Amino acid sequence: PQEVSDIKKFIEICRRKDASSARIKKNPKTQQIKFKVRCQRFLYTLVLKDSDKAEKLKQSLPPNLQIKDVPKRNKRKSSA
Amino acid sequence: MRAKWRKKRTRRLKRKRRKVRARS
Amino acid sequence: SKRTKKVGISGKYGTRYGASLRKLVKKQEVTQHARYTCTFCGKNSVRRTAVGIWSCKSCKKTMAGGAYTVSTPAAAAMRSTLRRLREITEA
Amino acid sequence: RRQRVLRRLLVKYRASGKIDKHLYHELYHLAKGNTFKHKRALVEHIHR
Amino acid sequence: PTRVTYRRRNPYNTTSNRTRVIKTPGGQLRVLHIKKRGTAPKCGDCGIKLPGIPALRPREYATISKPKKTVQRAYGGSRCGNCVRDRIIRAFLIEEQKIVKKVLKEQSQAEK
Amino acid sequence: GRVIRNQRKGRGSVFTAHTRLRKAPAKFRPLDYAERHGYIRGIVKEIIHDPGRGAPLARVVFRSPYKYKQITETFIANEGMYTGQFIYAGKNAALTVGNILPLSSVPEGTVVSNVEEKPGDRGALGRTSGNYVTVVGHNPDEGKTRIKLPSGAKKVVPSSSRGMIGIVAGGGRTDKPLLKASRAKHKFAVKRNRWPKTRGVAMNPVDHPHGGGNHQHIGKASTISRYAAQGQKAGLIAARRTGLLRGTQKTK
RNA sequence: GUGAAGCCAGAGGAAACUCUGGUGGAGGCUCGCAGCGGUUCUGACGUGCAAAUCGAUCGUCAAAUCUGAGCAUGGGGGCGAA
RNA sequence: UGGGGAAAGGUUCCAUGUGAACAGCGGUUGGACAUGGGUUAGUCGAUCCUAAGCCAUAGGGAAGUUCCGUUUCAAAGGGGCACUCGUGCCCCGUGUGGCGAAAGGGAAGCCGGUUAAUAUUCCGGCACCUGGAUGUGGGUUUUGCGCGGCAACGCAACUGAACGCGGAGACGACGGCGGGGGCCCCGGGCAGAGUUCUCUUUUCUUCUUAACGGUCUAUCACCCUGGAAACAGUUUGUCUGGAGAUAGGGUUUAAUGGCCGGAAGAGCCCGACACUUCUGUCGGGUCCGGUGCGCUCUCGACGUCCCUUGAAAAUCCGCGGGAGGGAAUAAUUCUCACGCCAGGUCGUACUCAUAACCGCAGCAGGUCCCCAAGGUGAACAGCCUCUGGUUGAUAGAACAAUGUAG
Ligand SMILES: [Mg+2]
Ligand SMILES: [Mg+2]
Ligand SMILES: [Mg+2]
Ligand SMILES: [Mg+2]
Ligand SMILES: [Mg+2]
Ligand SMILES: [Mg+2]
Ligand SMILES: [Mg+2]
Ligand SMILES: [Mg+2]
Ligand SMILES: [Mg+2]
Ligand SMILES: [Mg+2]
Ligand SMILES: [Mg+2]
Ligand SMILES: [Mg+2]
Ligand SMILES: [Mg+2]
Ligand SMILES: [Mg+2]
Ligand SMILES: [Mg+2]
Ligand SMILES: [Mg+2]
Ligand SMILES: [Mg+2]
Ligand SMILES: [Mg+2]
Ligand SMILES: [Mg+2]
Ligand SMILES: [Mg+2]
Ligand SMILES: [Mg+2]
Ligand SMILES: [Mg+2]
Ligand SMILES: [Mg+2]
Ligand SMILES: [Mg+2]
Ligand SMILES: [Mg+2]
Ligand SMILES: [Mg+2]
Ligand SMILES: [Mg+2]
Ligand SMILES: [Mg+2]
Ligand SMILES: [Mg+2]
Ligand SMILES: [Mg+2]
Ligand SMILES: [Mg+2]
Ligand SMILES: [Mg+2]
Ligand SMILES: [Mg+2]
Ligand SMILES: [Mg+2]
Ligand SMILES: [Mg+2]
Ligand SMILES: [Mg+2]
Ligand SMILES: [Mg+2]
Ligand SMILES: [Mg+2]
Ligand SMILES: [Mg+2]
Ligand SMILES: [Mg+2]
Ligand SMILES: [Mg+2]
Ligand SMILES: [Mg+2]
Ligand SMILES: [Mg+2]
Ligand SMILES: [Mg+2]
Ligand SMILES: [Mg+2]
Ligand SMILES: [Mg+2]
Ligand SMILES: [Mg+2]
Ligand SMILES: [Mg+2]
Ligand SMILES: [Zn+2]
Ligand SMILES: [Zn+2]
């Protein structure tokens with residue numbers, strides 16, 4: 001995993017053939033937003049301190065790849 | 001530039017030229 | 001603050017091996033641990049590595065000499081006589 | 001311990017400017033010799 | 001104060017079983033095995049370690065890019081540069097003395 | 001009885017020589033046209049010490065007269081040699097310490113070392129720390145040279161033999177006593193096992209000719225004949241005389 | 001625990017040299033644990049735990065110290081600080 | 001008397017059941033008896049290379065089973081191209097076998113969970129090495145094969161045939177000193193637990209961050225200006241300096257250092273609520289400093305000792321040299337970024353010992369290693385305690401002689 005410094009290169013990363021999926025994680029305590037995209041080799045992560053650009057990016061990115069919201073207390077397939 | 005990598009590089013070019021020969 | 005009367009460096013042997021043998025070993029040991037001036041660079045840093053090898057710590061040159069001294073009187077007299085003989089004979 | 005404390009005092013004085021290098025070198029060799037027992041005895045020697 | 005154990009079949013401390021103690025996010029103290037430490041290459045003539053070149057095991061040098069393994073000048077590797085300056089000076093002056101030595105002979109010894 | 005101790009050393013099972021730490025033997029270059037008619041030069045790279053021997057060795061690098069390559073050899077270093085020296089080999093080489101030139105081209109009174117008994121055997125005579133041989137006279141017709149060996153003997157050698165100027169380094173190594181059991185034990189250990197020494201009088205009759213008895217004594221003359229059966233030569237062998245050397249030695 | 005060379009400072013003397021306080025950390029040196037060995041009680045047991053063990057007391061302990069695996073020497077032969 | 005290994009043992013490992021025999025007494029219990037089950041690997045080893053050493057080949061002995069011989073009195077080999085097609089050519093030549101290490105050299109995987117019995121292998125997440133195939137982005141070029149800095153050198157790339165030189169692999173014992181990780185110790189804060197006749201802002205436990213990457217730094221050393229005696233700098237330990245010190249400014253080998261991803265979504269500790277089971281659910285916390293001749297491992301600069309100087313090979317890299325090949329409308333033999341496919345064979349259960357090895361046996365004997373808490377104390381001395389592990393060696397009553405030990 002490797003940081004992406006700015007906003008600009010995230011959309012080219014997300015518009016690739018091997019972008020399997022993506023997810024959104026929110027940290028209320030630290031007021032932080034994490035954007036993750038999964039390629040074959042790496043897991044790109046983008047960190048945002050503000051909240052306004054998050055929705056605009058969410059709708060700007062292509063609709064083809066799926067996006068999840070990482071529910072709390074992630075559990076295995078077998079019942080808790 | 002060791003011989004194993006040079007050997008692969010020239011064989012790769014050899015096939016690129018055979019493909020060009022069959023393309024023409 | 002001399003710590004010794006006459007025994008000197010060979011005091012590490014305690015009271016063993018006899019006075020004469022300690023004197024003979026001390027006389028030859030004293031000249032082996034000292035430092036000698038280099039003949040090439042001139043600095044005073046040349047020390048013994050092997051049984052017949054001496055090397056300078058500054059110019060890193062290494063020279064083959066005697067067992068416990070850089071040069072021997074026999075070898076010095078032979079080099080001098082050979083130089084004299086050659087120069088008189090051929091010049 | 002004593003050697004570092006004495007040397008640290010000497011370097012502090014040299015850097016500040018209370019003493020010069022000619023006195024510094026002599027005091028360094030007197031500190032190397034068993035001359036000064038402690039910090040107060042040394043500072044008294046500089047004052048005198 | 002928990003004690004640790006090896007994780008491989010070799011039970012002896014034989015300069016190839018290199019270990020470190022780590023604490024895991026599971027709150028346990030285990031052992032992690034490490035390889036040996038690389039050595040920096042030395043100079044061909046004087047014998048000192050070259051600056052600007054990393055120290056790795058001999059196999060890892062095949063995965064590193066070329067500019068990271070050399071320095072952009074003549075005798076980039078294996079020579080420090082002081083030896084290169086000595087080589088340049090020695091070569092020029094020696095050839096100059098060879099020219100003057102060879103030129104002297106035809107006039108001073110073949111004038112007859 | 002059984003086989004005595006000095007007969008077992010010939011089987012070469014335990015009494016061999018330790019040779020793991022020795023890199024190469026010390027020899028001259030092969031005799032060639034360049035060294036027979038002119039001279040060649042080489043650089044002295046290193047002065048090294050090899051185990052089991054005095055007389056530190058020297059590493060020399062020469063060129064190749066026939067091919068684009070270099071050949072490494074190993075000589076014995078004379079006292080005064082230093083790293084970076086140019087050394088010369090051939091018929092017309094200069095007469096300085098360390099040079100190698102045929103034994104004919106030398107005026108009387110010079111000392112050499114590592115002299116070949118015959119031209120091309122790469123050194124046979126005088127190659128130990130602090131020893132040398134001296135030339136006595138030449139015979140220009142029917143070429144031959146008289147030499148004097150370290151032991152005092154006199155010899156006649158062919159005039160085409162080679163020798164390298166100077167005196168073997170190492171000086172007076174054997175002057176200070178070993179003074180300690182360890183230092184001697186190491187010295188013999190690094191070469192061949194012989195450090196335990198067993199007196200024949202303390203032996204048993206089955207083991208040694210000196211045998212046992214109610215007192216420690218030999219029982220017979222200790223001088224053994226020149227022609228004796230194997231297993232009997234244990235003692236003073238072919239002694240010409242016996243006792244303390246008072247006068248001068250007639251043999252020369 | 002003892003404290004060999006080398007080094008620093010002070011004192012004496014015309015000189016050659018001589019004294020004092022530190023620093024330094026050498027020795028097949030020394031007391032003493034683990035390991036290795038096996039002096040005395042001529043102790044215990046002596047159809048024993050054991051076809052050589054057990055307890056107290058002992059020798060050495062940074063060097064001729066202790067030790068694992070792989071290889072070599074085979075019976076009038078090997079190996080042996082005997 | 002804990003938690004795991006090498007050699008050796010070979011199912012002794014787990015579950016269910018049990019008449020006789022064994023466990024020198026008993027037995028519902030067992031390492032015993034009977035019936036079933038259990039050992040998953042491109043990354044951990046073997047597989048590769050050589051050491052001491054062993055055995056073929058050329059040759060010589062011996063009536064012979066066979067002995068010597070390992071580069072030796074030998075005609076001993078391998079690299080490229082084009083042809084529909086192998087069958088035709090062109091170069092180099094001093095040399096030319098195999099076996100031998102689960103402790104020597106060596107390409108690559110970490111965390112959490114899961115089973116009655118296996119896991120660095122199984123599941124989930126995040127990576128790496130080798131081999132083999134191909135396309136985009138960017139770079140270079142009409143001056144044909146890159147720019148910057150005086151310099152040590154720097155960057156995402158940035159031609160190199162035959163031959164040759166060099167480095168890494170690659171190495172002794174001991175002594176003190178400095179940096180880092182882990183352990184131990186002290187203070188504050190948030191939770192839970194123990195004691196309370198009296199005292200104690202009291203005593204105890206949890207407070208964690210892996211492989212793999214990005215970014216800023218850390219001894220030695222090196223470069224530039226300038227030219228030193230009233231000599232200077234300096235280590236615990238006197239070495240360094242016109243062969244260029246002090247001073248000022250820079251480059252670089254070396255993270256088990258700081259921050260960010262991985263990563264809180266994990267793990268752990270409390271509380272509160274349902275409630276047959278199948279099932280759960282919802283709230284919070286998971287911090288801030290100090291100290292040292294402390295213990296252990298690791299790194300660096302010094303010093304001492306030798307008539308003792310402390311292995312080899314496979315494999316990998318740079319350079320000197322200049323063979324060949326290649327664009328102006330595209331071509332490209334770019335060690336840069338991304339992208340495609342594959343990685344065979346065998347071992348993996350358990351003990352390693354006052355019961356799983358060897359001693360005729362469930363024998364006070366023997367048998368090679370790793371981890372190492374608190375107090376007293378100079379201390380791995382002796383004595384008490386915490387984690388963890390046992391309570392297993394035929395028993396009951398009485399206290400004469402003679403004994404063994406104190
Ligand atoms: Mg090559
Ligand atoms: Mg004598
Ligand atoms: Mg004897
Ligand atoms: Mg006897
Ligand atoms: Mg007899
Ligand atoms: Mg007789
Ligand atoms: Mg006698
Ligand atoms: Mg002793
Ligand atoms: Mg014993
Ligand atoms: Mg006993
Ligand atoms: Mg008895
Ligand atoms: Mg009895
Ligand atoms: Mg266990
Ligand atoms: Mg079964
Ligand atoms: Mg019974
Ligand atoms: Mg019964
Ligand atoms: Mg039963
Ligand atoms: Mg029943
Ligand atoms: Mg049962
Ligand atoms: Mg069981
Ligand atoms: Mg059974
Ligand atoms: Mg492996
Ligand atoms: Mg092979
Ligand atoms: Mg054979
Ligand atoms: Mg034959
Ligand atoms: Mg093999
Ligand atoms: Mg290994
Ligand atoms: Mg297992
Ligand atoms: Mg896997
Ligand atoms: Mg090149
Ligand atoms: Mg090794
Ligand atoms: Mg430390
Ligand atoms: Mg982190
Ligand atoms: Mg400076
Ligand atoms: Mg983080
Ligand atoms: Mg949590
Ligand atoms: Mg240790
Ligand atoms: Mg795969
Ligand atoms: Mg065990
Ligand atoms: Mg037992
Ligand atoms: Mg048994
Ligand atoms: Mg204390
Ligand atoms: Mg204790
Ligand atoms: Mg147990
Ligand atoms: Mg019993
Ligand atoms: Mg009873
Ligand atoms: Mg009684
Ligand atoms: Mg009694
Ligand atoms: Zn010098
Ligand atoms: Zn150099």
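**Re the overall build of chain C**
- A tally of regular secondary structure across chain C gives 2 helices and 3 strands.
- Reading chain C from its N terminus to its C terminus gives the helix and strand order α-β-β-β-α.
- Compactness check: chain C gives a C-alpha radius of gyration of 18 Å against a globular reference of 12 Å for 91 residues, more than 25% above the reference.
- With the C-alpha coordinates aligned to their principal axes, the bounding extent of chain C is approximately 60 × 30 × 25 Å.
- The buried share among the 91 residues of chain C stands at 26%.
- Restricting to contacts in chain C with at least 6 residues of sequence separation, those with at least 24 account for 8%.

**Overview of the protein's contact with RNA strand H**
- In the vicinity of RNA strand H lie 122 residues, with A:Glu3, A:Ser79, D:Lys32, E:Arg30 and E:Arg37 positioned nearest.
- What you see for RNA strand H is that sugar and phosphate hold 73% of its atoms within 4 Å of the protein.
- In the model, a phosphate oxygen of RNA strand H is placed 3.1 Å from a nitrogen or oxygen of the A:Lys75 side chain.
- E:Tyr12 is positioned with one of its side-chain polar atoms (N or O) 3.1 Å from a base oxygen of RNA strand H.
- Among the elements that make up the surface near RNA strand H, the one with the highest residue count is helix 1 (residues 3–23) of chain B (10 residues).

**Digging into the protein's contact with RNA strand G**
- Near RNA strand G there are 31 residues, and of these C:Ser1, C:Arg3, C:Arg16, F:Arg8 and F:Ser182 occur at the shortest range.
- Those atoms of RNA strand G that come within 4 Å of the protein belong to sugar or phosphate at a rate of 61%.
- Here a phosphate oxygen of RNA strand G sits 2.5 Å away from a polar atom, N or O, in the side chain of F:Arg8.
- F:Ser182 has a polar side-chain atom sitting 2.7 Å from a phosphate oxygen of RNA strand G.
- Elements with a contribution of two residues or more to the surface near RNA strand G: helix 2 (21–32) of chain D together with helix 3 (181–191) of chain F.
- No other element matches helix 3 of chain F, which puts 3 residues into the surface near RNA strand G.
- For the surface near RNA strand G, the residue count by class is 10 nonpolar, 11 polar and 10 charged.

**Examining the side chain of E:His33**
All names here are of chain E.
- As for its position among the elements, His 33 is in strand 2 (residues 29–34).
- According to the relative accessible area criterion, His 33 is buried, its value standing at 18%.
- Residues in contact with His 33, not counting those within four places in the same chain, are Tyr 6, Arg 7, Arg 8 and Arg 18.

**Thoughts on the sheet that holds strand 1 (residues 21–27) of chain A**
Residue and element names in this part refer to chain A.
- Ordered in space as 3-2-1-4, the 4 strands form an open sheet in which the pairing is mixed. At either margin of the open sheet sits one strand with a lone partner, and together these are strand 3 (43–48) and strand 4 (66–68). If you compare each strand with its neighbour and ignore which way they point, the axes differ by 20° on average.
- The strands touched by helix 2 (residues 52–60) are strand 2 (32–38), strand 3 and strand 4; relative to strand 2, the strand with the most contacts, the crossing angle is about 20°.

**Things to note about the interface of chain F and chain C**
- Taken together, the contact pairs 29 residues of chain F with 31 residues of chain C.
- For the pair chain F and chain C, the interface holds 1 salt bridge.
- Where F:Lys176 meets C:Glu29, a salt bridge forms, and the shortest distance between an N and an O atom there is 3.2 Å.
- Where chain F touches chain C, the interface holds 10 residue pairs in polar contact.
- Taken together, the residues of the side of chain F that touches chain C sort by class into 14 nonpolar, 10 polar and 5 charged.

**Side note on the sheet that holds strand 1 (residues 46–50) of chain C**
All names here are of chain C.
- Taking strand neighbours across the sheet as the criterion, the 3 strands line up as 1-2-3 in an open arrangement whose pairing is antiparallel. Bordering the open sheet on either side are strand 1 and strand 3 (62–64), each of which pairs with just one other strand. Ignoring strand direction, the axes of neighbouring strands in this sheet form an average angle of 30°.
- Taken together, the 4 bridges between strand 1 and strand 2 (residues 53–56) define a ladder with antiparallel strand orientation. Its bridge partner lying in strand 2, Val 46 is registered against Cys 56.

**Examining the UniProt feature "binding site: Zn(2+)" (unreviewed entry) in chain C**
All names here are of chain C.
- As annotated in UniProt, the feature "binding site: Zn(2+)" (unreviewed entry) corresponds to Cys 38, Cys 41, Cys 56 and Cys 59 in the numbering used here. For the residues just named, distributed over 22 residues, the greatest C-alpha separation is only 8.8 Å, placing them together at one site.
- If you trace the backbone, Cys 38 turns up in the loop between helix 1 (19–29) and strand 1.
- Sequence-distant contacts of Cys 38, that is, excluding residues within four places in its chain, are made with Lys 43, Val 46, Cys 56 and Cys 59.
- When you line up the elements, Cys 56 lands in strand 2.
- Taking relative accessible area as the criterion, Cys 56 reaches 7% and is therefore assigned buried.
- Excluding its chain neighbours within four sequence positions, the residues that come into contact with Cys 56 are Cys 38, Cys 41, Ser 45, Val 46 and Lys 61.

**A few points about the pairing of strand 2 of chain C**
All names here are of chain C.
- In this structure, the hairpin formed by strand 1 and strand 2 is closed by a connection of 2 residues.
- Pairing of strand 2 with strand 3, which is carried by 3 bridges, proceeds in the antiparallel orientation. Of the residues in strand 3, the one forming a bridge with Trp 54 is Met 63.
- Taking the residues between adjacent antiparallel strands as the criterion, strand 2 and strand 3 are bridged by 5 residues, where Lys 60 takes a positive phi near 65°.

**So, helix 1 of chain B**
- Taking 1.5 Å per residue, 21 residues should reach 30 Å; helix 1 of chain B reaches 30 Å between its end C-alpha atoms and fits that length.
- Burial runs low along helix 1 of chain B: only 0 of the 21 residues are buried.

**Some words on the pattern of salt bridges**
- Summed over all chains, the structure comprises 13 salt bridges over all chains.
- A:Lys53 is the partner of A:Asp50 in a salt bridge, and the nearest nitrogen-oxygen pair spans 2.2 Å.

**Section: the pairing of strand 2 (residues 57–62) of chain F**
Residue and element names in this part refer to chain F.
- Burial runs high along strand 2: 6 of the 6 residues are buried.
- Every second residue of strand 2 is oriented toward a common face, with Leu 57, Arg 59 and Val 61 on one face and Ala 58, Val 60 and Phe 62 on the other, all of them buried.
- Both strand 1 (residues 39–48) and strand 2 contribute to a ladder of 6 bridges, which runs antiparallel. Of the residues in strand 2, the one forming a bridge with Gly 42 is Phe 62.

Criteria and thresholds
Residues numbered from 1 in each chain as written, not as in the entry; some residues may be left out. Chains lettered and ligands numbered in written order. Part of a larger assembly, values for the part shown. Heavy atoms only, no water. Helix = DSSP H or I, 4+ residues; strand = E, 2+ residues; numbered from the N terminus. Rg over C-alpha atoms; globule rule 2.2 N^0.38 Å. Buried < 20%, exposed > 50% of the residue type's maximum accessible area, 1.4 Å probe, protein only. Contact = heavy atoms within 4.5 Å. Near = heavy atom within 4 Å. Polar contact = N/O pair within 3.5 Å; in protein donor to acceptor, adjacent residues only side chain to side chain. Nonpolar A, V, L, I, M, F, W, Y, C, P; charged D, E, K, R; others polar. Pairing = 2+ DSSP bridges. Axes fitted to C-alpha atoms, helices over the stretch in contact; angles between N-to-C directions. Salt bridge = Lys/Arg side-chain N within 4 Å of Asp/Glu carboxyl O. UniProt positions renumbered as here; feature names shortened; annotations may be inferred. Expected span 1.5 Å × (residues − 1).

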